[PDB]
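Worksheet: the structure to be examined is printed underneath.
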Amino acid sequence: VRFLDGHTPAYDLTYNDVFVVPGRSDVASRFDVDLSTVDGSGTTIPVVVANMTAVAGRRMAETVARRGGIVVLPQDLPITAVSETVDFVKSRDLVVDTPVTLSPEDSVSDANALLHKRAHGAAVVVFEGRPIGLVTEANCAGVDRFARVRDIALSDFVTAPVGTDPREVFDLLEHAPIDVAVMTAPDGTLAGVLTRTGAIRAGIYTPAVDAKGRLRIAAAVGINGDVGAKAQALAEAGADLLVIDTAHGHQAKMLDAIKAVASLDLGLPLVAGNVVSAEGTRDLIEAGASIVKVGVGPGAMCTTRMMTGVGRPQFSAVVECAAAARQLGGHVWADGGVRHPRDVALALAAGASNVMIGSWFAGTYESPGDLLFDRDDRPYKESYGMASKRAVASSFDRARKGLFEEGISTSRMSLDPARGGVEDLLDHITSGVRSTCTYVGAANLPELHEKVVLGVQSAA
Amino acid sequence: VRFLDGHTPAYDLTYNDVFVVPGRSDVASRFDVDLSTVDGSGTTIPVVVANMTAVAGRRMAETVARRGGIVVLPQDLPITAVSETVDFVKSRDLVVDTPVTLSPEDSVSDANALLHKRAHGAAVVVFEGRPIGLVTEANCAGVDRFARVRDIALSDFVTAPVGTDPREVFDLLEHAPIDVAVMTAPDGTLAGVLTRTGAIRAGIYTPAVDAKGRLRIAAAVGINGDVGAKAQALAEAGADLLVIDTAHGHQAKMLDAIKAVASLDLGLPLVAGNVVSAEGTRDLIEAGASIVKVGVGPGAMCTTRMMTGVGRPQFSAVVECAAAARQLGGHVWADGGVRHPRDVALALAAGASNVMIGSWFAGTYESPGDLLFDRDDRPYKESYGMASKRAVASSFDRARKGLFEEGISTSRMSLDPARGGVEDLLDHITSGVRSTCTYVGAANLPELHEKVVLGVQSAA
Amino acid sequence: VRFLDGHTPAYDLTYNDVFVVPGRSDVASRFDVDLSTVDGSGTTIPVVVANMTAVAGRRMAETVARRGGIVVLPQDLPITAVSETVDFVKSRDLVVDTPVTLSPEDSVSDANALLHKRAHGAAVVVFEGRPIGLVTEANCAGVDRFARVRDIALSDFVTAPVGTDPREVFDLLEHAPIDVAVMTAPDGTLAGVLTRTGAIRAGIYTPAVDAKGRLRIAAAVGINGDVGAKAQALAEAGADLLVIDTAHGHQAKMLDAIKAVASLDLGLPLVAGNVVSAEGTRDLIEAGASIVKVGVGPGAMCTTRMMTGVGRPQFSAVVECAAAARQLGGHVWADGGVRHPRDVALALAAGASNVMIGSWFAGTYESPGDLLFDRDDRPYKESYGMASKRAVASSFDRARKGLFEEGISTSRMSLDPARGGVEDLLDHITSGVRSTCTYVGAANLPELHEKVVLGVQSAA
Ligand SMILES: O=c1[nH]cnc2c1ncn2[C@@H]1O[C@H](COP(=O)(O)O)[C@@H](O)[C@H]1O
Ligand SMILES: O=c1[nH]cnc2c1ncn2[C@@H]1O[C@H](COP(=O)(O)O)[C@@H](O)[C@H]1O
Ligand SMILES: O=c1[nH]cnc2c1ncn2[C@@H]1O[C@H](COP(=O)(O)O)[C@@H](O)[C@H]1O
Ligand SMILES: O=c1[nH]cnc2c1ncn2[C@@H]1O[C@H](COP(=O)(O)O)[C@@H](O)[C@H]1O
Ligand SMILES: O=c1[nH]cnc2c1ncn2[C@@H]1O[C@H](COP(=O)(O)O)[C@@H](O)[C@H]1O
Ligand SMILES: O=c1[nH]cnc2c1ncn2[C@@H]1O[C@H](COP(=O)(O)O)[C@@H](O)[C@H]1O
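In order, the protein sequence lines correspond to chains E, H and D. Reading the first sequence from the start, the letters are residues 2 to 394, 401 to 467 in the deposited numbering. Reading the second sequence from the start, the letters are residues 2 to 394, 401 to 467 in the deposited numbering. Reading the third sequence from the start, the letters are residues 2 to 394, 401 to 467 in the deposited numbering.
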């Protein structure tokens with residue numbers, strides 16, 4: 002990184018403390034920028050979904066991986082659930098998305114509830130595998146909430162075979178009342194849907210795929226119990242990337258856990274965290290990890306900072322941790338505090354190869370939580386932390408532990424009425440990051456870190 | 002202390018200005034950390050209750066000392082009341098707590114008011130020293146306000162002899178409708194009570210006891226009048242610790258007072274304050290004090306700072322006074338401005354041997370003040386400062408002095424509906440400090456100050 | 002009817018205008034009063050549910066008929082739905098009620114929604130016709146709304162075979178924690194449920210049953226089209242009583258409708274309405290009707306009165322119409338304006354053999370409408386009128408009808424948090440009516456009309 006002459010403050014820098022100075026550029030268009038990563042994750046955009054049960058669901062895994070991102074499944078998920086989730090994600094089409102499906106015998110109440118699990122705005126009525134109609138929220142309005150789907154389903158819809166050029170599907174939906182094109186398998190059964198906006202993303206985002214052409218997906222593992230056996234079985238389940246996650250990554254028990262996984266030679270990229278120091282970053286890489294997760298109490302007003310006083314501003318942490326990782330051939334992930342595309346761009350300029358986002362993505366249609374409404378009828382979803390699942394660990404013992412546990416904090420994450428889907432947030436984030444590179448003169452993320460010039464601003 | 006490279010700001014730092022950078026750690030469990038102090042106070046935890054009439058009651062002394070703490074009785078308290086208080090605290094069982102007691106002829110009005118004197122959630126009805134029933138807030142609801150305790154008491158309760166293993170008492174109380182175990186003397190009379198959570202606390206917190214195994218106790222004394230006679234009168238009354246307390250500790254009249262008490266050779270630790278300068282710590286220890294209490298106008302917008310402009314940020318004050326005290330083999334107490342476990346952890350990292358807590362603990366069941374409710378019906382208590390009792394001191404004379412006196416400031420300290428008792432606040436504080444040491448890599452408090460690495464953060 | 006001396010006002014009387022003067026009575030208990038009717042309807046309580054789609058569902062038909070009432074199915078309801086509704090009611094147990102049933106694959110969202118269709122407070126989980134557990138509203142709280150019933154169902158429940166007397170079932174639920182007893186057929190299949198309150202009503206209410214011992218049910222028909230052909234189809238479907246209903250019962254088109262139904266000799270009671278005059282009542286009986294439905298715009302400020310000014314106070318209408326029916330051997334139903342048990346008691350004293358209740362019964366669990374919540378989160382239901390389905394009836404023609412047609416008026420019917428089920432409303436009504444007879448000195452409804460002494464009160 003480069004700072005303006007004299008910009009060496011006597012403190013650490015948060016995302017709000019720094020700004021990017023424009024430089025000489027020959028990159029005119031945002032589309033000329035290549036957002037592919039070089040950390041072995043296989044992502045085409047520098048966005049990683051945090052390993053939190055409030056965010057890392059099956060629909061989020063499919064939706065994010067299709068647009069070039071990756072979702073890390075939360076640690077301690079039962080291996081049966083991991084296998085079914087991986088099999089679901091790696092069976093999805095690289096262009097066609099999975100819609101909400103309904104049976105003719107389902108109620109209107111279920112139809113309205115189950116609909117808001119995707120950003121398509123319409124559900125496909127299925128009878129013996131075949132699409133027979135579409136259900137919208139307008140079809141559910143003004144009708145008996147326990148009526149059957151058959152009574153409100155619209156039998157007319159735009160259809161096209163799977164494999165059709167998305168530009169042609171875009172044409173078929175130009176004068177369509179419902180912006181959903183139902184894609185059919187050769188035998189006529191349901192294969193998925195494609196919207197006009199979804200077809201656009203097909204030509205803008207490159208799907209993150211493994212060697213077999215299947216959508217990528219990652220999964221997390223804690224440092225208690227048998228780390229080797231769990232990470233081994235997690236690799237057997239089809240995970241394309243393994244993340245060893247703990248609150249204090251710079252500890253001997255985390256150091257030992259990385260040695261156990263590395264000694265198995267699983268052939269998967271290894272992330273380890275969290276640390277905010279150069280020494281801790283070097284220690285995790287020497288243990289056998291190739292990627293380091295950066296982020297320990299980034300919020301001055303958050304739980305970790307106010308309970309213990311331990312933490313570090315995320316921007317200064319990444320700058321120090323990335324430089325330590327760069328000389329060892331490693332990479333760093335910026336984990337925590339991401340609320341705007343600015344934080345994604347600033348984290349990458351500081352040296353990160355990927356940016357991990359948690360609570361921000363919880364307020365989306367694709368997150369596992371249920372869609373809620375506040376006193377003003379504004380849509381929102383509840384994010385919450387992993388609490389003891391990132392901590393080192401008979402009625403007495405449980406209660407003895409229970410006294411000193413970390414509580415589960417819940418936060419109101421409002422849904423943007425114009426950006427309700429996680430794909431809209433990916434459009435929001437990547438548009439800013441691409442335009443950031445045009446300001447600095449970078450055609451990719453490596454040139455971003457190389458040519459970025461940074462400055463410090465006052466509290467004004 | 003060590004600061005991050007370049008973190009030498011051009012100003013003094015308060016608790017909000019600094020953060021703790023994690024280091025390599027082999028301390029996995031919070032319970033592996035030793036919170037014992039080395040300043041001679043006899044505490045196994047770094048929490049001191051301030052010498053304030055709003056906080057320093059008799060029930061406060063019993064409850065805090067059992068969990069390893071120490072309570073300083075407010076100065077100028079009559080010597081008769083001091084003796085009565087000492088005899089209570091040193092007559093208590095190291096595990097069994099003193100419950101609220103009720104007579105069968107008492108009113109429901111009294112029972113409801115007396116119930117909130119402890120955090121047990123139930124009061125034991127006593128007849129001729131014998132427990133005959135329990136009274137809860139549920140028994141007081143919906144009944145006549147002037148009905149007798151006899152009419153609402155629950156005659157069924159779990160009982161066990163005093164001295165029984167607290168691990169046993171815990172399992173006896175699972176299927177009891179009231180989570181209060183009534184402990185009995187050999188002759189069947191009331192000895193105290195023990196809750197499920199209180200039974201767990203017996204195996205987590207070590208009682209702060211004197212050489213005879215009696216709960217420890219402190220004492221404060223002003224600098225007006227005969228300091229030697231007052232210090233001796235409280236020492237013979239059973240105090241294990243003496244606090245010479247005033248607003249401006251760096252004064253010649255203060256030095257005379259410490260020399261007067263030290264020349265008595267009472268054999269007890271001498272605490273003296275308050276100063277926030279390196280010279281102030283040197284002069285007070287040279288006078289004969291072993292512990293220097295640090296804290297003068299720590300709040301920028303508090304009364305002392307707004308009236309005189311005199312003060313100093315508490316963290317920079319402590320770290321300077323801690324550095325000076327070490328060179329003379331003394332210790333320092335961080336007194337003032339503590340509102341979160343972060344403040345306790347940073348005070349210890351800065352070099353203080355103990356953290357003095359006052360107004361924060363006023364909003365607890367164990368504080369002497371009355372439980373009040375706001376316009377939202379939420380519980381709170383009124384904390385207030387000592388005013389002139391920490392200041393050096401015909402009818403014309405009475406008026407002129409009273410005219411310039413510092414007024415009593417009142418502040419509302421809300422009770423946490425989940426942490427209504429002071430023991431819950433001690434759980435909150437120690438959990439953070441224990442977690443802090445695991446982040447720093449220290450197994451005890453001296454190692455905390457030795458291994459801590461801190462940084463400065465911006466206003467963002 | 003007898004009025005006090007001088008109580009001959011120069012106007013007609015509503016239910017608010019009159020009162021009952023107590024008389025000498027030897028009827029001590031409410032249980033000594035016989036509420037059975039003599040009008041041929043077969044009801045054992047003087048309560049009939051109006052032919053309104055807002056109230057006349059199958060859950061209401063079963064619940065009211067079991068307690069001695071009868072429900073009139075709304076006119077123009079398809080004949081296929083008639084047979085399905087009648088066959089359901091005619092197959093219900095005279096003591097055992099039909100609970101809400103759930104599949105282990107049903108969602109918690111559907112479980113909470115379906116719960117409010119009965120007053121049992123719990124739904125029975127069914128697999129292949131056999132009960133496996135119950136789901137309560139408490140079971141749905143705090144869990145994911147898309148969790149499965151199988152994950153929250155309680156496997157423990159009191160069960161008893163069908164045919165057990167309600168007294169012993171009452172005892173089995175005395176110390177059962179949740180007041181639902183599952184009734185099973187001899188083969189172990191689900192026969193229904195019986196609650197402690199439902200067991201009590203079995204000894205209080207006599208079910209209204211046909212000659213085969215099956216619950217009674219009535220149905221309404223309009224005077225448009227082929228009234229005779231429709232009326233025969235309703236009789237063949239199993240209806241026990243037919244109601245020929247129109248807005249203006251005193252018209253030639255209504256008279257021809259009665260003759261058509263009478264000439265078919267269906268063997269059922271013939272109800273005709275609506276009129277509010279002695280001549281109108283006598284004309285309908287001469288046409289072939291045995292029961293005349295009384296009620297034309299009884300509300301002073303209702304829609305009918307405000308559009309046309311046509312109507313009559315219901316109490317004076319019933320008095321005049323009943324006396325006219327008495328001389329011709331007929332009976333009258335009080336239809337409209339019923340809001341309290343007072344209206345039922347006053348209608349019977351005025352000479353009506355039955356009281357028709359509509360919008361009041363809409364705010365019940367058993368009504369067909371879905372349970373709603375207002376801005377204060379209070380439960381309520383929407384009542385609404387029959388509009389053109391009670392009125393005499401190309402594109403230009405259809406538009407002319409809609410232009411001058413009567414709109415559908417909607418009204419919010421709040422649920423009593425203590426009287427949520429329609430059986431509680433029947434308990435509220437019959438308690439007052441039985442108490443009314445004890446004040447008058449009547450052992451039955453004929454004695455009520457025979458011994459009643461009435462008075463008029465002013466607006467005070
Ligand atoms: O399109 C759909 N049709 C039917 N059930 C669905 C659909 N999407 C999600 N579900 C159900 O919703 C629940 C939770 O789904 P998740 O939140 O996507 O994991 C499970 O019971 C799923 O079967
Ligand atoms: O319970 C918790 N307490 C504190 N930090 C947490 C907890 N659960 C997850 N985290 C961290 O916070 C990150 C998400 O931060 P976010 O992107 O600001 O929501 C995760 O990736 C974890 O590193
Ligand atoms: O357990 C108890 N039973 C009855 N009175 C009590 C109890 N604890 C305190 N009190 C009374 O409460 C008042 C103040 O007590 P303090 O707040 O402990 O100083 C005095 O009148 C005490 O006698
Ligand atoms: O009236 C007063 N004015 C100023 N400082 C006071 C007063 N009373 C007590 N103090 C100091 O404030 C400390 C308590 O600080 P707290 O815990 O932040 O309320 C005490 O231990 C005293 O050192
Ligand atoms: O116990 C029940 N289980 C499941 N669905 C029910 C139950 N009772 C009523 N319904 C549904 O309610 C609707 C009929 O409404 P109704 O005619 O008012 O009872 C249909 O969608 C039924 O499947
Ligand atoms: O749309 C309508 N307009 C006017 N009267 C109606 C309508 N629907 C039903 N009614 C009458 O009102 C009665 C119910 O009155 P309630 O018991 O006071 O609600 C029914 O039995 C009908 O006689």
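Backbone N, C-alpha and C define an ideal beta-carbon position, used for all residues, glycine too.
Spatial distance of residue i from residue j (CA atoms)
i, j, result
"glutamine 233 of chain D", "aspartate 157 of chain E", "41 Å"
"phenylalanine 403 of chain E", "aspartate 27 of chain H", "26 Å"
"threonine 81 of chain H", "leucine 235 of chain H", "10 Å"
"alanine 353 of chain D", "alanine 323 of chain D", "6 Å"
"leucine 265 of chain H", "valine 297 of chain E", "52 Å"
"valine 163 of chain E", "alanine 209 of chain E", "20 Å"
"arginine 149 of chain H", "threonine 165 of chain D", "46 Å"
"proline 369 of chain D", "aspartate 180 of chain D", "24 Å"
"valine 295 of chain D", "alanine 318 of chain D", "7 Å"
"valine 194 of chain E", "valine 170 of chain E", "10 Å"
Chain-order list of residues whose beta-carbon lies under 7 Å from that of residue i (same chain, five-residue window excluded)
i, result
"residue 400 of chain H", "Missing here is residue 400 of chain H: after 394, the next number in chain H is 401."
"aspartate 35 of chain E", "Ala450 and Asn451"
"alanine 326 of chain D", "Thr282, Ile286, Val293, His332 and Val333"
Assumed close pair residue i, residue j - CB separation to whole angstroms, cut-off 8 Å
i, j, result
"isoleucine 292 of chain E", "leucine 329 of chain E", "Not really, about 11 Å apart at Cβ, beyond 8 Å."
"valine 49 of chain E", "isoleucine 218 of chain E", "So it is not a contact: roughly 11 Å between Cβ atoms."
"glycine 386 of chain E", "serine 416 of chain E", "6 Å"
"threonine 45 of chain E", "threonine 207 of chain E", "4 Å"
"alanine 124 of chain E", "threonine 102 of chain E", "7 Å"
"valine 356 of chain H", "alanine 335 of chain H", "5 Å"
"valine 393 of chain E", "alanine 66 of chain H", "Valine 393 of chain E to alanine 66 of chain H, Cβ: 31 Å. No contact."
Own chain residues within Cβ distance below 8 Å of residue i, not counting five before or after
i, result
"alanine 350 of chain E", "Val2, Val21, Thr443, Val447, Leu455, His456, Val459 and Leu461"
"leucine 173 of chain D", "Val159, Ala161 and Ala182"
"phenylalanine 374 of chain E", "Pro380 and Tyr381"
"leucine 271 of chain D", "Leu243, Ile245, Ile259, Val262, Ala263, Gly289, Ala290, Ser291 and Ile292"
Proximal residues to residue i (C-beta, below 6 Å), its chain only, five neighbours per side dropped
i, result
"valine 83 of chain D", "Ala238"
"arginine 215 of chain D", "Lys91"
"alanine 363 of chain E", "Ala55, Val56, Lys382, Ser384 and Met420"
"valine 429 of chain E", "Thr64, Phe362, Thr365 and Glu367"
"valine 276 of chain E", "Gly250, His251 and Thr282"
Buried or exposed by the 16-neighbour rule on C-beta atoms within 10 Å, applied to residue i
i, result
"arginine 441 of chain H", "buried"
"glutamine 315 of chain E", "buried"
"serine 389 of chain E", "buried"
Heavy atoms of ligand 3 versus C-beta positions, residues under 6 Å: H:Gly58, H:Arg59, H:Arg60, H:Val101, H:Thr102, H:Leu115, H:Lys118 and H:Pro369
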